[PDB]
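Structure, as structure tokens:
Note that the numbering runs from 1 along the sequence shown for the chain.
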Amino acid sequence: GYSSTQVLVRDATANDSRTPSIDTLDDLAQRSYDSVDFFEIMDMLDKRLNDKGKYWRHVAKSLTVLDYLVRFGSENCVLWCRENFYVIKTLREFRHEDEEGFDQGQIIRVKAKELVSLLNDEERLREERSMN
Ligand SMILES: [Cl-]
């Protein structure tokens, strides 16, 4: 019941130890230029960026994807971040301490802050996107 693109975003953001690979990130960035794929990718990222707690890997990996898209995918990816800027900004405050006491949330907060900073700096983002 998944499109090819939906399988790819699901895998890229799964609750597992794998980090999204460069090949997958590039595939997603290239596919983001096709409108139908763009919406499928962003709808799944929306779901996963809004996860929490024990499922923080969904959030962290979706931020990894979203940053890659902002840098290398279609301009629509940037527009999406601006429309949904509130969600990204709240991730700066994401918390989760695991059973063994480790702060797993800090990685999400740092990533969110970096992305907020990039989105807030139009000239830097335009330059980054141009060289990419
Ligand atoms: Cl398909």
Side-chain angles (χ1 to χ4, degrees):
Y2 291 94
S3 74
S4 164
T5 292
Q6 295 170 329
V7 174
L8 194 56
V9 193
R10 182 172 188 87
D11 185 65
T13 60
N15 183 40
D16 66 37
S17 50
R18 297 181 55 221
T19 172
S21 64
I22 192 164
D23 54 293
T24 291
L25 293 167
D26 282 324
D27 283 337
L28 289 170
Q30 292 156 15
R31 296 180 188 209
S32 73
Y33 284 91
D34 173 288
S35 309
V36 171
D37 300 281
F38 166 78
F39 293 107
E40 295 179 353
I41 291 165
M42 304 321 289
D43 289 347
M44 292 178 85
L45 292 177
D46 198 16
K47 170 175 194 194
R48 281 192 170 177
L49 285 157
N50 278 279
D51 218 331
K52 67 191 191 153
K54 284 178 18 160
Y55 289 86
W56 64 269
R57 288 168 185 86
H58 285 327
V59 184
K61 289 179 179 203
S62 291
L63 282 168
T64 294
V65 175
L66 186 59
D67 163 78
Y68 201 83
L69 293 178
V70 165
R71 293 166 179 274
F72 295 93
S74 64
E75 282 182 4
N76 287 333
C77 302
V78 177
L79 295 182
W80 187 93
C81 282
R82 289 179 179 148
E83 181 190 325
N84 296 278
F85 210 9
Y86 183 80
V87 183
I88 301 168
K89 278 183 186 179
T90 76
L91 290 179
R92 296 175 299 176
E93 306 178 64
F94 186 98
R95 293 174 77 176
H96 181 69
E97 192 186 287
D98 72 19
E99 320 63 36
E100 298 76 56
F102 197 82
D103 187 346
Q104 303 293 347
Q106 188 178 278
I107 191 57
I108 288 158
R109 293 192 300 272
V110 169
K111 283 183 178 284
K113 286 180 226 191
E114 294 184 351
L115 185 56
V116 171
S117 169
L118 179 62
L119 290 165
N120 274 341
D121 189 346
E122 179 73 23
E123 181 201 326
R124 178 170 140 232
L125 177 63
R126 195 269 188 185
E127 283 185 10
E128 204 76 77
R129 288 186 54 83
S130 183
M131 290 171 182
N132 280 339

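Here salt bridge (charged side-chain N to carboxylate O under 4.0 Å, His left out) pairs that include residues 79-92, with residues two or more places apart or in two chains, are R82-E122. The salt bridge (charged side-chain N to carboxylate O under 4.0 Å, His left out) contacts involving residues 7-18 comprise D11-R18, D16-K61, where partners must be two or more places apart or lie in separate chains.
For the 3.5 Å distance criterion, the side chains of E40 and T5 fail to qualify, holding no donor opposite an acceptor.
For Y33, the OH atom is densely surrounded, since the number of other residues' heavy atoms within 6.0 Å is greater than 12. Summarising the local packing, CD of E128 is surrounded by more than 12 heavy atoms from other residues, nucleotides or ligands at distances under 6.0 Å.
Evaluation of the side-chain hydrogen bond (donor to acceptor under 3.5 Å, both in side chains) rule for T24 yields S21 as partners, not counting sequence neighbours. Applying the salt bridge (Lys or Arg N to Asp or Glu O under 4.0 Å) rule to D103 yields the partners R109; only residues at least two apart in sequence or on another chain are considered. By the side-chain hydrogen bond (donor to acceptor under 3.5 Å, both in side chains) test, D26 is found to be paired with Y68, residues two or more places apart in sequence or in another chain being considered. The salt bridge (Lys or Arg N to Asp or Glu O under 4.0 Å) check on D37 picks up nothing, with sequence neighbours excluded.
In this structure, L125 and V78 approach most closely via the heavy-atom pair CD2-CG1, 3.9 Å.
We find the CD-CD distance between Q106 and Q104 to be 10.0 Å, quoted to the nearest 0.5 Å.
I22 and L69 fall within a single hydrophobic cluster, where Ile, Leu, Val, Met, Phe, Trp and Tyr side chains are chained together by heavy-atom contacts under 4.5 Å.
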